[PDB]
């Protein structure tokens, strides 16, 4: 039936081999930065996950994830909706349309955020964010609200799914490979496994494959989940192109690449060098630690007598004879240390660790949000923009498709019932700045109100025009 | 996907390029405002104390000001133009196309990199003809062009690469352009239309123009030679140090060491030997190391001064918005190059130019009078802020 | 926090209440809208 | 009820396909062990003196 083709498993393995290289570079990145975050396919519990010899990678990766999370999903607000595309008709002094908007959208603003708290999307998206900054891609799915019970977004790591794109980048088809134990499987898919046969112990691994793909007739997607080769009725449905329930997100896009590349990947080469050099200093020092008593046979020491002495006992011997193997590498040690420190500085400047200006006087909330913003863009990369387009705006996009539907639509009019989401700095805060500027300008207008030889009406009009009103 | 993309041995290039893109973006598309329109060419007639024409202007243009910016937010032109800006500062050219508004659904500007299109100019620089080479997968292709591929034949899997070529070119009779998109050798009815010369829907932008050059040159290109040197020198220090790291036990045979006994000892065991015999191959390059480090640091300072990284005065007390915008402006011009002006003429003013052709049409034209219904856009510092 | 921000904004509104050539109702509405209410 | 389980098993750092947790210090165990070794040598070296 079209590009459903062989079935969910086979298309999964096909695209899987093509995805393999991104997976491998995600793996190496992991070993260099932080081992336990992205594991080896074969390994289960037994794996060692040796900490890398250097810790700059781990500390910086973690700090970068934090800063990105704080600047991207701040506590106070994270989005704005403004009335659009009918502006020329009513934005011109109808205070009601704007007031209903202030009300309807404020309802929307608060609710969406409130729903967010409950479902703990903060923690879930933070972990997905760290996963994406260490590796190529992350896929997050928002399931139906299900009333009071929370439905947390689930991050599926790059190793467990697949996405295909064209040279442009459109979402052609994606296949997830989640494994859910027999018992945990929903009663419905459980019924599906049961009909094929297989009454099972709670333990059996049942694999669910979601195969969202493109329709050759309609510009829609056609989801369906299956166990093995047999399709099961997982609510086959036509989700709109603009909002896709699953959200594949790439760290740094490229032309003609159906996947993402981690940001740390760009700095992997310097990082690896640090590891090597550091390894040598740690190792070099340990060799020095061994104390290997060196004696000159020609001499009269005869170490037996020396070992025998209890403290403060005068055995025969000579000072010159007993000596200790030291390590003479001193120039080497200095060169290594200096080069390593410079490399550490570089890695650090990029990782927004050791930037050295904003740290003084840290105080969360407030408006720390504005400053930490640009600096992230300045040196991490403009990556804030890339993620912002991909995560912040879409995450809201799907929430709006669902939340508005399950609750009540306010009295807000019909031109904004399909509102246009805006995120980022334009959306950070709400504007009060223009107002405080203008009333400070008016406060500087203390001297005279019966000010002769001047026009009161117009000067106050000009002060008003200085800031948008 | 397979490509290694090795990080260059030096990171000054990456850090500075990124910071330069940021500063250029912040100064060029600030949050508070990015353009001004002032009534012009009828001024002698009414600018002389008619408070209404000015008031309608304050109103009509303020509507315009806010709307254009608002539409901009939605379509995420901030992120898209930021990436196009970085692409242009690293390379020769960038081409951005604003498609029809399509109502509520956003239509983001798409940057096409220098490798995927072509623009021809004369010695003067006029836009003669341009051809894009975008590849869109069969299924993703719009139903219309999809119909076009279907009629030639070729019912296809969603996968097939279908190539779309937009060939905007100059007319030998009219001073207009005649767009048409095609798949392979067969023209398809991609809305053949006559877009006005003043506003071209696609916008080819050059970083640093030159006489008789139909393309652009990246700004970093001017500093490529110093940059390459840094790479070479730095490579040597990184490599030199690693050679030092290897510990290669050197023993004097004439001596009585016989390393077997030394390796054997558990900690704190007195094996026979002499201190002099065991020694370690060090690296004696010290003068060399100092010369390299100093020259590299000076080169780093140069690259930095140009890249507006390590300028050292404005960093203290950073606070976004406010009027940081005025100062960061001149300094960009001062040392990056006057490039702010060049981009400003090319991107900021035209980006608005096409938005005005479209936005004013899809919405409502305010009560603003007919002498400003075709307003004259102004950008840059003259346009930064409003005047207070 | 929002409340203290808003009353500080209102305290900065000391100069004139019979402030001519301006709209009292709406400016106070905008200051109110600056912080969620 | 499934939503509230009277007992609460808690994992420090979860992983895919792992029915247990890994301590956070575990991630830094390797550097830590090295410190132990080097420090041991200084304490011991001094006592010999």
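Residue numbers (PDB author numbering), protein chains in the order written: chain A, 6 to 436, 439 to 476; chain B, 50 to 436, 439; chain C, 440 to 476; chain D, 245 to 293.
Just so you know, even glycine gets a beta-carbon here, dropped at the ideal spot from N, CA and C.
Review point. So, is residue 271 of chain D buried or exposed, given that buried needs 16 or more other C-beta atoms within 10 angstroms?
Key: buried
Check your understanding: Leaving out five residues before and five after residue 224 of chain B in sequence, what residues of the same chain have Cβ atoms less than 7 Å from its Cβ?
Key -> 246
**Study point:** Any C-beta of chain B under 8 Å from that of residue 40 of chain A
**Key:** no
Exercise for review: Determine, using beta-carbon pairs with one atom in the segment 272-281 of chain B and one in the segment 340-357 of chain B, whether at least three such pairs fall under 8 Å.
Suggested key: yes
Check your understanding: At which residues does the alpha helix (DSSP H) containing residue 398 of chain B begin and terminate?
Key -> 398-411
**Study point:** Nearest residue (CA-CA) to residue 426 of chain A, options B:58, B:77, B:124 and B:324
**Key:** B:124
Check your understanding: Can you find a C-beta in chain C that's less than 8 Å from the C-beta of residue 460 of chain A?
Key -> no
Check your understanding: Beta carbon of residue 431 of chain A: closer than 7 Å to some heavy atom of the ligand NAD?
Key -> In the structure shown, the ligand NAD is absent, as is every other ligand, since no ligand is present at all.
Practice item. Note down, in chain order, every chain B residue with its Cβ under 9 Å from the Cβ of residue 173 of chain A. Key: 159, 183, 184, 185, 186 and 189
Point to revise | residue 327 of chain A: first and last residue of the uninterrupted beta strand (DSSP E) it sits in | key: 327-329
Point to revise | Length of the line joining the Cα atoms of residue 323 of chain B and residue 304 of chain B | key: 8 Å
Check your understanding: Taking Cβ-Cβ distances shorter than 9 Å, what residues in chain A pair up with residue 67 of chain B?
Key -> 355, 382, 383, 384, 385, 386 and 387
Point to revise | Cα-Cα separation, residue 413 of chain A to residue 422 of chain A | key: 12 Å
**Study point:** Limits of the unbroken alpha helix (DSSP H) element including residue 18 of chain A
**Key:** 13-38
Exercise for review: Could you list the residues in the segment 120-140 of chain A with a C-beta less than 8 Å from some C-beta on chain D, going in chain order?
Suggested key: none
Point to revise | Given residue 432 of chain A as reference, the closest of A:62, A:87 and A:10 once Cα atoms are compared | key: A:87
Review point. Looking at residue 146 of chain B and residue 159 of chain B, is the spacing between their C-beta atoms short of 8 Å?
Key: yes
**Study point:** Status (buried if at least 16 other CB within 10 Å, exposed otherwise) for residue 187 of chain B
**Key:** buried
**Study point:** Short Cβ contact (8 Å threshold) for residue 161 of chain B with residue 144 of chain B
**Key:** yes
Exercise for review: Name the one or two DSSP bridge partners that residue 427 of chain B has.
Suggested key: B:85
Check your understanding: Which residues, in chain order, does the segment 267-281 of chain D contribute to contact with chain F at a C-beta distance below 9 Å?
Key -> Absent from the structure: chain F. Protein chains present are A, B, C and D.
Check your understanding: In chain D, what lies closer than 7 Å to residue 341 of chain A by C-beta?
Key -> Residues of chain D passing the Cβ test: none, with the nearest at roughly 17 Å.
Exercise for review: Quick one: list the residues of chain A neighbouring residue 206 of chain B, beta-carbon separation under 7 Å, in chain order.
Suggested key: 8
**Study point:** Nonlocal neighbours in the same chain, by C-beta distance under 6 Å from residue 395 of chain B, ignoring five residues either side
**Key:** 254
Review point. Chain A beta carbons: is any one of them nearer than 8 Å to that of residue 317 of chain B?
Key: yes
Check your understanding: Would residue 235 of chain A count as contacting chain B if we go by Cβ distances under 8 Å?
Key -> no
Practice item. Note down, one range per segment and in chain order, each alpha helix (DSSP H) of at least 4 residues found wholly within the segment 160-238 of chain A. Key: 192-201
Check your understanding: Does the segment 368-383 of chain A come within contact of the segment 70-81 of chain A, defined as at least 3 CB pairs closer than 8 Å?
Key -> yes
Review point. Do the segment 208-227 of chain A and the segment 170-183 of chain A make contact, defined as three or more Cβ pairs closer than 8 Å?
Key: yes
Point to revise | Where residue 363 of chain B falls, given that 16 or more other Cβ within 10 Å makes a residue buried | key: exposed
Review point. Under the rule that 16 or more other beta-carbon atoms within 10 Å means buried, what is residue 297 of chain D, buried or exposed?
Key: Since the first residue shown for chain D is 245 and the last is 293, residue 297 of chain D is missing from the structure and cannot be characterised.
Check your understanding: In chain order, what residues of the segment 296-326 of chain B put their CB closer than 8 Å to some CB of chain A?
Key -> 296, 305, 311, 314, 316, 317, 318, 319, 320, 321, 322, 323 and 324
Review point. Would residue 463 of chain C count as contacting chain A if we go by Cβ distances under 8 Å?
Key: no
Review point. Residues in the segment 89-109 of chain A with C-beta within 7 Å of chain C's C-beta atoms, listed in sequence order?
Key: 107
Exercise for review: Evaluate residue 67 of chain B with the Cβ neighbour count: other Cβ atoms within 10 Å of its Cβ, from every protein chain shown; 16 or more gives buried, anything less gives exposed.
Suggested key: buried
Check your understanding: Could you give the distance in angstroms between the alpha-carbon of residue 275 of chain D and the alpha-carbon of residue 56 of chain A?
Key -> 7 Å
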